[PDB]
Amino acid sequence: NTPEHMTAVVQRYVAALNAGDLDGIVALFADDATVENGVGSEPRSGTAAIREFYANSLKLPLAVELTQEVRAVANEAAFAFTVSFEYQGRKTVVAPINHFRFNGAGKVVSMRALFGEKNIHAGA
């Protein structure tokens, strides 16, 4: 495990969200990883629980893009990106910062997504 590997994991994650490739997203994660995403709310913990969370993330097709270089050090990575979707004619762009901690095996053991209302950008 290396910054190069962690950076590549972030890019595979972003591409798999764009693709709607749940096997691909879930495969990045350790068997006992947790995911906490949408506040400082309740973390989901199984392989099964993580898949189900992304299943739901992906109802609408997402356009996902890294908007700066990945920061990768030690066993963690942080990244700024946008998630864009369209619903009943309105485009929304969400701009989180996610954080990944890695396993010694190179797997994501935890992901936390930070964004608040000011990071949801949408017209009427």
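Just count from 1 along the sequence shown to find any residue number.
According to the PDB record, 40-48 carries the higher mean C-alpha B-factor of the two stretches 59-67 and 40-48.
When the two stretches 115-123 and 4-12 are set side by side, the higher mean Cα temperature factor goes to 115-123. Which of 79, 54, 29, 85 has the largest Cα B-factor in the deposited entry comes down to 54.
Sort the modelled residues of the chain by CA B factor and residue 95 lands in the lowest third. When the CA B factors of the chain's modelled residues are split into thirds, the value for residue 72 lands in the lowest one.
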